[PDB]
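Down below is the structure, laid out as structure tokens.
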Amino acid sequence: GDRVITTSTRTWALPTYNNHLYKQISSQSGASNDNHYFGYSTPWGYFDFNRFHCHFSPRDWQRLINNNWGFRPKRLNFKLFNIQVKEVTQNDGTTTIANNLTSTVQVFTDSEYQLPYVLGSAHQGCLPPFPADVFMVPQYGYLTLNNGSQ
Amino acid sequence: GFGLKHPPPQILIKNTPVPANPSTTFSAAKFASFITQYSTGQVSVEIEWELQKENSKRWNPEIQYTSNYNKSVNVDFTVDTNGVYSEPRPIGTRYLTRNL
Amino acid sequence: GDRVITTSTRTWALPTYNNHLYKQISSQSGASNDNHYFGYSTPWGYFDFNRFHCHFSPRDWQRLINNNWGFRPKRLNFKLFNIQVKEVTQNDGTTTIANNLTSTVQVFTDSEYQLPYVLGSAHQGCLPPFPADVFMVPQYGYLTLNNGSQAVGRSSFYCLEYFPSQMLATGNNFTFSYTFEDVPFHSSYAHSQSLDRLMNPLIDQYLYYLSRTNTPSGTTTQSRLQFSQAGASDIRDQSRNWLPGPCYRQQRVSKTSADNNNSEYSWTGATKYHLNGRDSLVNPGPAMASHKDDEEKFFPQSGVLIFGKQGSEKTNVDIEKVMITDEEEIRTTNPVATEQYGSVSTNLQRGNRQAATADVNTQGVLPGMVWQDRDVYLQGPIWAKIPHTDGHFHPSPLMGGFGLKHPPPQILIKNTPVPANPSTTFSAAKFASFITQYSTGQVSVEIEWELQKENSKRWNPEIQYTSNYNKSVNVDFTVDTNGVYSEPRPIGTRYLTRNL
Amino acid sequence: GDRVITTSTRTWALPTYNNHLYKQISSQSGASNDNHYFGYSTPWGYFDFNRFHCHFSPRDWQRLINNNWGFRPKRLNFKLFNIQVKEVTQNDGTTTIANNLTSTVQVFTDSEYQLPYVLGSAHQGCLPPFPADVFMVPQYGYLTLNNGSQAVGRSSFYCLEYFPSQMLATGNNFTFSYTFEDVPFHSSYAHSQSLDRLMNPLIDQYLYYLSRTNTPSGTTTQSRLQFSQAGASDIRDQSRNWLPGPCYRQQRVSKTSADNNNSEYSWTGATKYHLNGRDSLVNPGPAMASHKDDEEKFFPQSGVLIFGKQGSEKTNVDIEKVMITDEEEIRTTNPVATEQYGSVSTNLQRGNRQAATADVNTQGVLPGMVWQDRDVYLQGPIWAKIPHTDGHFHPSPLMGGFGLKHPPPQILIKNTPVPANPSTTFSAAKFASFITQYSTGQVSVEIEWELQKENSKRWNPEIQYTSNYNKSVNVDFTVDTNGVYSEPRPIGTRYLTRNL
């Protein structure tokens, strides 16, 4: 009554990123002095749910706008299900997807924010608006100080 | 949105690299080959919102947000006939009126 | 949270009615045999709060429409304050109002309904829309059986003074809490899907309607009878479980003056039920759908209760000064008022004679038949008294609102007559003179509504009721610069959507 | 003893529907204004068990018809077994089915009926009659309001994925026990005596119908009005308490191709209700009696739900390949569909003008009126959802079965989409590729029926339902030598006799 709880459940696919190896990435050095970035690309993917339309169906959003003067997000609960690791063996043109029970995926949560946060910048890759869709996890990377490309 | 000193920690996920057919003899260099693979499925996230209830004693009927009566080929926010969900317009968060 | 309580407080003025004496009142005997009334006029006034806009501010009404699917009025609490009796002494042109503490006004409440109820007929004199106004109590009267102007034999007149009543002086007040016994939740939801389409396209039924009665052979049509199976290709022939609601057909009339015929059909063409030898127009109708989809101009001659924009004389008024309601939300489960309910086979096939079919203009109830009741507008009455009879069907009244076997008793109020300067010598005749006086002030009524909360899991943003962005000289529902409150348009009670 | 429990277990296969993505689906805009649908197609499948022949083996059905007068479905228990998800990898022409333990299918149950119900419309895809068969789950879709092909404003689409649903992997199973809230016992009995004869011959009534209006005098007919007393001599004029059930008249059509007219009246001549500006055939009808006694050839164009013999194409099929039901058991309390309900006096007598009478083609309900509902055939649906509306009359649906305010929630099942080989670099667009897969096996549903035991003290041996002595190439209800189960004829639910 006083509080609304919005549960959303989406299917995701995490590809292998950067061939399992870090890379620094830089400007092409044709860019103007105003745009240069030295930061690194990372094999890790992350989940960005910070959109509204992720959580609220347009109805529940409508229902949320005009019936009350304000809202704040008290509590967050988050979990993954049914992780399954497909291993593709590509010979000739045959994709030949195959599943294996042994291989594992490893998930890390920040707790204390050691890493650069890299959200709220409104990057794509958020959980898609409409729940029937399945989304590709987004790449993770970050930038640091730079003088030109260096 | 909401400025947060402590924001929800972004979780980072990576599928564990599985090497592919190591050479019989030993080699010190790291593996340049791997089993190409990906993992998938089922993120579930829910957030518990507070709501400050509206009590507005104005006599005048207040503005709301509503879809139009007019018929159309595709309803706003309705998935198109090809299966592509669509959002026609952004929805501002404030349609209510409160005396300053 | 689950229930909303609306308190309204209005100031009233009760004049002296009929010089403190009953009168019968009749037709002028120039009227047609169809309109005659024998009933009585009564010194008593009564309070009619049965309007919606009495209780709900347009906001709270808006807030009530589109946040929930239904509401019913559980509990009623009612009381008067600050009764004060002014006694006017009129000499020359001077009005010379004067107040007196002694004189009393006497209030009577029905409890058991001995008297004719005389509400829910949507008479004027209800508590005004806008609380700043002060309203004149309305007169009380009632009608009985009549043959022409004369009263036949069964006409009873019930003389309200005889009933026990508690008198009220200045500094007295009285409450009575009345509880609505029950009623189904009014339906605040329009349906998302019409009866004719209840069924998914992708799975065709297992039944066979007749598709082709004939087949070509030698260029002459053979009589071979064929069947086919209902599916998404042809939905019209698909079998369905249910039938649309009843239909009592009315006459269409277009808001555009060019389309309507030029003649007076107003009485003749209109639909009417003919009772006790005197025909009566059916104004409210039988809860029919107002207009066929994609029209919004044609409306049934009767059947749409028509509220006037204020400042409109009662004698004759052009289309622009009255606001006409729309039933379009009902097009799903109920036939269009004007459109015929359907077609029915008159005769039987034979080698000699071709089949024929006659339209059914008016259809009663059949089993397995559903209908959605008329909406309750902000200006429409909230209840009506179910007349006490040995039998009735689906008591929800036509005008709108909640049928009640026991409705809130209309309280009747009369200021006590005070005789003026009796002659010194005795006289047997009753007094022909009185102190001219009236009493006034402070009715407070509040009703406790149930609300059936809306949970609609549709993904699509639902229709609401909202005022327009556009600037205007005067805001809708805003009091005009001369101090005259105004309501631009009626507010239907169902803007929400609920799957049938 | 008092109650029978029917357990059925069938194997199912759920294909991937609509490539895991919603689509709206519309008419092709060549269709007539009467048939248009805007509704949506959905990736979810659902289970429709509402048929009778799903639950009852023809024997247990036979055993159920003629040993007792009525039955209602108290309790429902429903569960799935042995869900296994096959993932097909198609290269060259090789199908190369392969199984995986990880992938899951997700099942949703309504509980509260948020979604459009979309059952009881007698769609195909029900659990097949004969348990050895394995059936393809049926697609799920629904329709909403439409103006032509376009969606108007109130059309809602409800996106089933959003609802909380429990996912199922291989080695999981789920039950939900659902209890039918209530319903009157279905009437399994035909009546032993028709309404028109309720009365013993030997004792003539004390009332007087008019016998002769005229009398001979001078060879000219005198106007002297006479009376006579109803008795066994003339039963037609005898007064009776009750009236036959409602009548909505339909068109007769004869199974003999020579009698029927040669022309296409199929759409035009047939009876139809005309709603929201688009007319709709009334296929099922208003539970009318099928054919006048001693006919058994004429049958109403609509009004008799017609099951097809299997192996019949849906596009067009000749009379022989469909089995047509008979309502003849209802001739007692309900008028013949084709026969007009009666006659009604149009005008009034006068010395100048003779009396006249016009037939009433369609009669609504009147007080003191009884009607017997349509029987439930072995192939007919057991329930239908009473549409939620402010009012309805005698909810027993036309198609057949039990009207339920709360019907068993249709469960919706969809196999979880598994994306296929995501591109290495990131892309914001949703996946256009998937692993093609389907899940399968083992639905088990059982429903607990009440039975109203038959005690009929009649001395005469009562009619039962029985197979014929005569030898045949294939026994009725026996699987054919090619492995194709077959049902020869529909089985009416009432062969028992009970005095009215």
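Ligands are numbered from 1 in the order shown, chains are lettered A, B, ... in the order of the structure tokens, and residues start at 1 in each chain.
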Applying 10 Å and only C-alpha atoms, which residues near residue 1 (chain B) remain after dropping the ones on its own chain fewer than 2 positions away? List them as a tab-separated table (two decimals) with N, CA and C atoms, in the first residue's frame.
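Listing of result.tsv after writing:
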chain	number	residue	atom	x	y	z
A	50	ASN	N	20.04	0.11	-14.13
A	50	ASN	CA	19.67	1.40	-13.54
A	50	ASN	C	18.59	2.15	-14.31
A	51	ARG	N	18.13	1.66	-15.46
A	51	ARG	CA	17.03	2.32	-16.14
A	51	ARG	C	15.76	2.22	-15.31
A	52	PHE	N	14.83	3.14	-15.56
A	52	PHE	CA	13.48	2.93	-15.04
A	52	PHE	C	12.74	1.86	-15.82
A	72	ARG	N	11.14	6.78	-3.62
A	72	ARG	CA	12.56	6.51	-3.53
A	72	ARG	C	12.75	5.02	-3.38
A	120	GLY	N	25.34	4.92	-14.47
A	120	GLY	CA	24.74	6.23	-14.42
A	120	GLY	C	25.17	7.15	-15.53
B	3	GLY	N	21.10	10.81	-6.52
B	3	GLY	CA	22.50	10.77	-6.17
B	3	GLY	C	22.70	9.85	-4.98
B	4	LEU	N	23.66	8.95	-5.07
B	4	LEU	CA	23.93	8.00	-4.01
B	4	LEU	C	25.41	7.98	-3.70
Give one line per residue of chain A that approaches chain D to at most 8 Å, naming the two atoms of the closest pair and their distance in Å to one decimal, counting only C-alpha atoms; sort by chain then ascending residue number and deliver it as CSV.
residue,atom,partner,partner_atom,distance
A:8,CA,D:162,CA,6.8
A:9,CA,D:162,CA,7.5
A:11,CA,D:417,CA,7.8
A:13,CA,D:419,CA,6.7
A:14,CA,D:422,CA,7.6
A:15,CA,D:422,CA,5.7
A:16,CA,D:424,CA,6.5
A:17,CA,D:424,CA,6.3
A:18,CA,D:424,CA,7.7
A:82,CA,D:102,CA,7.4
A:84,CA,D:102,CA,6.2
A:88,CA,D:421,CA,7.2
A:94,CA,D:91,CA,7.0
A:96,CA,D:89,CA,7.2
A:97,CA,D:420,CA,7.7
A:99,CA,D:100,CA,7.1
A:101,CA,D:102,CA,7.9
A:124,CA,D:428,CA,6.5
A:125,CA,D:428,CA,5.9
A:131,CA,D:161,CA,6.4
A:132,CA,D:21,CA,6.2
A:133,CA,D:430,CA,6.4
A:134,CA,D:430,CA,6.1
A:135,CA,D:430,CA,5.7
A:136,CA,D:422,CA,7.3
A:138,CA,D:426,CA,6.4
A:139,CA,D:426,CA,6.6
Sorted per-residue table, chain C near chain B, closest atoms and distance, 10 Å, only C-alpha atoms, as a tab-separated table:
residue	atom	partner	partner_atom	distance
C:56	CA	B:59	CA	9.5
C:57	CA	B:59	CA	5.8
C:58	CA	B:61	CA	5.5
C:59	CA	B:61	CA	4.3
C:60	CA	B:59	CA	8.0
C:61	CA	B:61	CA	8.2
C:62	CA	B:61	CA	6.3
C:63	CA	B:61	CA	8.5
C:66	CA	B:64	CA	9.8
C:130	CA	B:59	CA	9.4
C:294	CA	B:71	CA	9.6
C:459	CA	B:77	CA	8.0
C:460	CA	B:77	CA	6.1
C:461	CA	B:67	CA	6.5
C:462	CA	B:67	CA	6.4
C:463	CA	B:66	CA	4.9
C:464	CA	B:66	CA	5.1
C:465	CA	B:64	CA	6.8
C:466	CA	B:63	CA	4.9
C:467	CA	B:63	CA	5.3
C:468	CA	B:63	CA	7.3
C:469	CA	B:63	CA	7.9
C:475	CA	B:60	CA	8.3
C:476	CA	B:60	CA	7.5
C:477	CA	B:60	CA	6.1
C:478	CA	B:60	CA	6.7
C:479	CA	B:60	CA	9.8
Selection to disk with N, CA and C atoms, as a short mmCIF file (atom, residue, chain, number, x, y, z; two decimals), in the first residue's frame:
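Final output, saved to again.cif:
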data_model
loop_
_atom_site.label_atom_id
_atom_site.label_comp_id
_atom_site.auth_asym_id
_atom_site.auth_seq_id
_atom_site.Cartn_x
_atom_site.Cartn_y
_atom_site.Cartn_z
N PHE C 56 -18.75 14.25 -3.88
CA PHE C 56 -17.40 14.19 -4.40
C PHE C 56 -17.01 15.50 -5.06
N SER C 57 -15.91 16.07 -4.62
CA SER C 57 -15.27 17.11 -5.39
C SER C 57 -14.75 16.53 -6.69
N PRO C 58 -14.80 17.27 -7.79
CA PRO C 58 -14.34 16.71 -9.06
C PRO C 58 -12.99 16.06 -8.98
N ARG C 59 -12.07 16.60 -8.17
CA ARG C 59 -10.81 15.92 -7.96
C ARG C 59 -11.02 14.56 -7.32
N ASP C 60 -11.62 14.53 -6.13
CA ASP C 60 -11.86 13.25 -5.47
C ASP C 60 -12.65 12.32 -6.37
N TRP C 61 -13.49 12.88 -7.23
CA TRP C 61 -14.16 12.04 -8.21
C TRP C 61 -13.15 11.49 -9.20
N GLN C 62 -12.37 12.36 -9.83
CA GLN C 62 -11.29 11.91 -10.69
C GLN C 62 -10.44 10.86 -9.99
N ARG C 63 -9.96 11.20 -8.81
CA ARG C 63 -9.20 10.27 -8.00
C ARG C 63 -9.97 8.97 -7.77
N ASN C 66 -10.40 6.58 -11.78
CA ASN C 66 -9.40 5.85 -12.53
C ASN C 66 -8.39 5.12 -11.66
N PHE C 130 -21.23 23.24 -5.57
CA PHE C 130 -20.06 23.93 -5.05
C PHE C 130 -20.34 24.45 -3.66
N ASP C 294 -17.25 4.76 -34.16
CA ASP C 294 -16.88 5.70 -35.22
C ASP C 294 -18.08 6.51 -35.69
N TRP C 459 0.25 -4.42 -19.71
CA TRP C 459 1.49 -3.72 -19.97
C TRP C 459 1.27 -2.36 -20.59
N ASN C 460 0.16 -2.14 -21.19
CA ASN C 460 -0.13 -0.95 -21.95
C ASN C 460 -0.62 0.16 -21.02
N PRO C 461 -0.14 1.39 -21.17
CA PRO C 461 -0.62 2.46 -20.30
C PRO C 461 -2.11 2.69 -20.50
N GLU C 462 -2.84 2.64 -19.40
CA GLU C 462 -4.29 2.64 -19.42
C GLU C 462 -4.83 4.06 -19.54
N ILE C 463 -6.05 4.17 -20.07
CA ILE C 463 -6.69 5.48 -20.19
C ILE C 463 -7.07 6.00 -18.82
N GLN C 464 -6.87 7.29 -18.60
CA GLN C 464 -7.28 7.96 -17.39
C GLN C 464 -8.20 9.12 -17.77
N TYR C 465 -8.70 9.82 -16.76
CA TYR C 465 -9.45 11.05 -16.99
C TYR C 465 -8.59 12.23 -16.58
N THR C 466 -8.46 13.21 -17.47
CA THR C 466 -7.53 14.30 -17.23
C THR C 466 -8.03 15.57 -17.88
N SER C 467 -7.68 16.69 -17.28
CA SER C 467 -7.97 17.99 -17.88
C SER C 467 -6.96 18.31 -18.97
N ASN C 468 -7.37 19.16 -19.90
CA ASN C 468 -6.54 19.43 -21.06
C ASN C 468 -5.42 20.42 -20.73
N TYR C 469 -4.29 20.25 -21.42
CA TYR C 469 -3.17 21.18 -21.26
C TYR C 469 -3.54 22.58 -21.71
N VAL C 475 -10.93 27.81 -16.37
CA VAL C 475 -10.61 26.40 -16.25
C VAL C 475 -11.89 25.60 -16.07
N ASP C 476 -11.90 24.38 -16.59
CA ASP C 476 -13.00 23.47 -16.33
C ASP C 476 -13.20 23.33 -14.83
N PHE C 477 -14.46 23.36 -14.40
CA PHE C 477 -14.86 23.21 -13.00
C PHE C 477 -14.46 24.40 -12.16
N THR C 478 -13.77 25.38 -12.73
CA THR C 478 -13.44 26.60 -12.00
C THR C 478 -14.63 27.54 -11.94
N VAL C 479 -14.81 28.17 -10.78
CA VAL C 479 -15.82 29.20 -10.65
C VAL C 479 -15.49 30.37 -11.58
#
Using only C-alpha atoms, determine which residues of chain C fall within 6 Å of chain D; present them as a VMD selection string. chain C and resid 192 to 193 199 to 200 203 to 208 213 to 214 223 to 224 226 to 229 235 to 237 239 241 292 331 335 341 to 345 349 to 351 357 364 to 372 458 to 460 499 to 500
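Set the cut-off at 6 Å, count only C-alpha atoms, and the residues of chain B near chain A turn out to be residues 9, 11, 12, 13, 14, 15, 16, 36, 37, 38, 39, 40, 41, 42, 43, 44, 45, 46, 47, 48, 49, 50, 51, 52, 53, 54, 64, 93 and 96 of chain B.
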Please write the residues from the selection above to a file, keeping N, CA and C atoms, as a tab-separated table (two decimals), in the first residue's frame.
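Final output, saved to part_8.tsv:
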chain	number	residue	atom	x	y	z
B	9	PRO	N	26.19	-1.94	-5.99
B	9	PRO	CA	27.46	-2.31	-6.62
B	9	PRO	C	27.19	-3.03	-7.92
B	11	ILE	N	27.69	-5.66	-10.46
B	11	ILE	CA	28.30	-6.98	-10.39
B	11	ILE	C	28.94	-7.27	-11.73
B	12	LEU	N	30.08	-7.92	-11.70
B	12	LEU	CA	30.80	-8.22	-12.92
B	12	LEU	C	30.86	-9.73	-13.09
B	13	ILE	N	30.59	-10.18	-14.30
B	13	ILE	CA	30.44	-11.60	-14.58
B	13	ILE	C	31.33	-11.95	-15.76
B	14	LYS	N	32.07	-13.05	-15.64
B	14	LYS	CA	32.90	-13.56	-16.71
B	14	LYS	C	32.88	-15.07	-16.68
B	15	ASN	N	32.70	-15.67	-17.85
B	15	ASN	CA	32.80	-17.12	-17.95
B	15	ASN	C	34.26	-17.55	-17.90
B	16	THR	N	34.52	-18.61	-17.16
B	16	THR	CA	35.90	-19.00	-16.89
B	16	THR	C	36.55	-19.54	-18.15
B	36	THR	N	35.74	-21.84	-27.40
B	36	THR	CA	34.85	-20.70	-27.57
B	36	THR	C	33.52	-21.04	-26.92
B	37	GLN	N	33.09	-20.22	-25.98
B	37	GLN	CA	31.90	-20.57	-25.22
B	37	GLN	C	31.25	-19.30	-24.70
B	38	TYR	N	30.00	-19.45	-24.28
B	38	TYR	CA	29.26	-18.36	-23.67
B	38	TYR	C	28.26	-18.96	-22.71
B	39	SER	N	27.85	-18.16	-21.73
B	39	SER	CA	26.91	-18.59	-20.72
B	39	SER	C	25.68	-17.72	-20.79
B	40	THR	N	24.58	-18.20	-20.22
B	40	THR	CA	23.33	-17.51	-20.50
B	40	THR	C	22.29	-17.73	-19.42
B	41	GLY	N	21.34	-16.79	-19.40
B	41	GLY	CA	20.02	-16.93	-18.83
B	41	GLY	C	19.70	-16.34	-17.47
B	42	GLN	N	18.48	-15.81	-17.38
B	42	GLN	CA	17.76	-15.57	-16.14
B	42	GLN	C	18.43	-14.68	-15.11
B	43	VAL	N	18.46	-13.38	-15.35
B	43	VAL	CA	18.63	-12.39	-14.30
B	43	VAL	C	17.28	-12.00	-13.74
B	44	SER	N	17.17	-11.94	-12.42
B	44	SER	CA	15.95	-11.51	-11.75
B	44	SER	C	16.30	-10.45	-10.74
B	45	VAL	N	15.74	-9.26	-10.90
B	45	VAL	CA	16.05	-8.12	-10.05
B	45	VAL	C	14.74	-7.48	-9.62
B	46	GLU	N	14.65	-7.13	-8.35
B	46	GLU	CA	13.47	-6.44	-7.85
B	46	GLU	C	13.89	-5.39	-6.84
B	47	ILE	N	13.22	-4.25	-6.87
B	47	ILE	CA	13.54	-3.13	-6.01
B	47	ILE	C	12.27	-2.65	-5.33
B	48	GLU	N	12.40	-2.32	-4.06
B	48	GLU	CA	11.27	-1.99	-3.20
B	48	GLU	C	11.22	-0.48	-3.04
B	49	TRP	N	10.20	0.14	-3.61
B	49	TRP	CA	10.12	1.59	-3.65
B	49	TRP	C	9.25	2.12	-2.52
B	50	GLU	N	9.68	3.20	-1.89
B	50	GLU	CA	8.75	3.99	-1.11
B	50	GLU	C	7.88	4.83	-2.03
B	51	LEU	N	6.72	5.21	-1.53
B	51	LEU	CA	5.82	6.08	-2.25
B	51	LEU	C	5.25	7.09	-1.27
B	52	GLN	N	5.34	8.37	-1.61
B	52	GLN	CA	4.73	9.40	-0.79
B	52	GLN	C	3.34	9.64	-1.35
B	53	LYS	N	2.32	9.22	-0.62
B	53	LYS	CA	0.97	9.21	-1.17
B	53	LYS	C	0.52	10.62	-1.50
B	54	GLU	N	-0.28	10.73	-2.54
B	54	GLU	CA	-0.85	12.00	-2.95
B	54	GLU	C	-2.13	12.25	-2.18
B	64	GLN	N	-3.60	14.18	-15.45
B	64	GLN	CA	-3.06	12.84	-15.35
B	64	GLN	C	-2.31	12.52	-16.64
B	93	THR	N	8.08	12.39	-15.26
B	93	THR	CA	7.66	11.81	-14.00
B	93	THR	C	6.68	12.68	-13.24
B	96	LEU	N	1.57	15.55	-11.65
B	96	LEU	CA	0.74	16.05	-10.57
B	96	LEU	C	1.03	17.51	-10.28
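Between CA of residue 414 (chain D) and CA of residue 439 (chain D) there is a distance of 8.8 Å.
Taking only region 20-114 of chain D, the residues that DSSP calls alpha helix (DSSP H) from the backbone come to residues 52, 53, 54, 55, 58, 59, 60, 61, 62, 63, 64 and 65 of chain D.
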Kindly save the residues from that selection, with C-alpha atoms included, as a PDB file, in the first residue's frame.
ATOM      1  CA  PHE D  52     -15.481 -34.190 -21.641  1.00  0.00           C
ATOM      2  CA  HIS D  53     -13.979 -36.914 -23.797  1.00  0.00           C
ATOM      3  CA  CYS D  54     -10.640 -35.831 -22.398  1.00  0.00           C
ATOM      4  CA  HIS D  55     -11.554 -37.083 -18.947  1.00  0.00           C
ATOM      5  CA  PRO D  58     -16.706 -43.697 -23.491  1.00  0.00           C
ATOM      6  CA  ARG D  59     -17.454 -46.548 -21.113  1.00  0.00           C
ATOM      7  CA  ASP D  60     -17.127 -44.427 -17.985  1.00  0.00           C
ATOM      8  CA  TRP D  61     -19.185 -41.879 -19.862  1.00  0.00           C
ATOM      9  CA  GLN D  62     -21.849 -44.472 -20.651  1.00  0.00           C
ATOM     10  CA  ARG D  63     -21.606 -45.624 -17.060  1.00  0.00           C
ATOM     11  CA  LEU D  64     -22.051 -41.978 -16.073  1.00  0.00           C
ATOM     12  CA  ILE D  65     -25.004 -41.097 -18.307  1.00  0.00           C
TER      13      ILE D  65
END
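Residue nearest residue 108 (chain D) within the list D:75, D:136, D:353, D:46: D:46 [criterion: smallest interatomic distance, only C-alpha atoms].
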Distance query residue 453 (chain C) at most 8 Å, only C-alpha atoms, self and fewer than 3 positions along chain excluded, as an NGL selection string: :C and (2 or 67-70)
Writing out the chosen residues with N, CA and C atoms as a compact mmCIF listing (two decimals), in the first residue's frame:
# COMPACT_ATOMS: atom_id res chain seq x y z
N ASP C 2 -8.51 1.38 2.01
CA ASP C 2 -9.47 0.57 1.27
C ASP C 2 -10.74 1.36 1.00
N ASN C 67 -8.53 5.14 -10.34
CA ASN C 67 -7.66 4.33 -9.51
C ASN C 67 -8.27 3.03 -9.03
N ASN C 68 -9.54 2.76 -9.32
CA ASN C 68 -10.12 1.53 -8.81
C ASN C 68 -11.37 1.15 -9.59
N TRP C 69 -11.71 -0.13 -9.51
CA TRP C 69 -12.68 -0.75 -10.39
C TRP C 69 -14.11 -0.66 -9.91
N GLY C 70 -14.35 -0.30 -8.66
CA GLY C 70 -15.72 -0.28 -8.18
C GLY C 70 -15.80 0.30 -6.79
Check the smallest atom-to-atom distance from each of C:88, C:112, C:486, C:29 to residue 311 (chain C) using only C-alpha atoms, then report the winner. C:486
From the DSSP assignment of the backbone, select every residue of region 220-348 of chain C that is strand (DSSP E), and format the answer as JSON, numbers by chain. {"C": [221, 222, 226, 227, 228, 229, 247, 248, 252, 253, 254, 272, 273, 274, 275, 278, 279, 280, 281, 298, 299, 300, 306, 307, 308, 322, 323, 324, 342, 343, 344, 345]}
Prev. selection, C-alpha atoms, output as a short mmCIF file (atom, residue, chain, number, x, y, z; two decimals), in the first residue's frame:
data_model
loop_
_atom_site.label_atom_id
_atom_site.label_comp_id
_atom_site.auth_asym_id
_atom_site.auth_seq_id
_atom_site.Cartn_x
_atom_site.Cartn_y
_atom_site.Cartn_z
CA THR C 221 -26.87 -24.15 -58.49
CA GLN C 222 -27.08 -27.59 -56.93
CA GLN C 226 -22.01 -28.15 -47.08
CA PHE C 227 -20.28 -27.37 -43.80
CA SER C 228 -17.08 -25.68 -42.75
CA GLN C 229 -15.14 -25.19 -39.57
CA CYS C 247 -32.24 -4.34 -26.40
CA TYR C 248 -35.21 -1.98 -26.39
CA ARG C 252 -31.29 8.03 -33.47
CA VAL C 253 -30.93 11.79 -33.70
CA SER C 254 -27.83 13.57 -34.94
CA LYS C 272 -42.51 4.82 -25.19
CA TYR C 273 -44.20 2.24 -23.00
CA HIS C 274 -47.97 2.47 -22.94
CA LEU C 275 -49.35 1.83 -19.46
CA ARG C 278 -51.62 6.47 -20.94
CA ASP C 279 -48.34 6.20 -22.80
CA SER C 280 -45.10 7.33 -21.19
CA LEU C 281 -41.82 8.21 -22.86
CA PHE C 298 -25.69 10.27 -33.67
CA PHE C 299 -27.22 9.72 -30.29
CA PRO C 300 -30.46 7.99 -29.30
CA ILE C 306 -28.83 14.68 -20.78
CA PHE C 307 -27.50 17.13 -18.23
CA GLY C 308 -27.84 20.81 -19.04
CA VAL C 322 -26.81 20.85 -22.81
CA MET C 323 -24.12 18.21 -22.37
CA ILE C 324 -25.01 14.79 -23.76
CA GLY C 342 -30.47 -8.84 -34.69
CA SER C 343 -32.33 -10.83 -37.28
CA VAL C 344 -34.66 -13.81 -36.87
CA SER C 345 -35.91 -16.25 -39.49
#
Measure the distance from CA of residue 198 (chain C) to CA of residue 242 (chain C) in Å and round it to one decimal.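 A separation of 9.5 Å between them.
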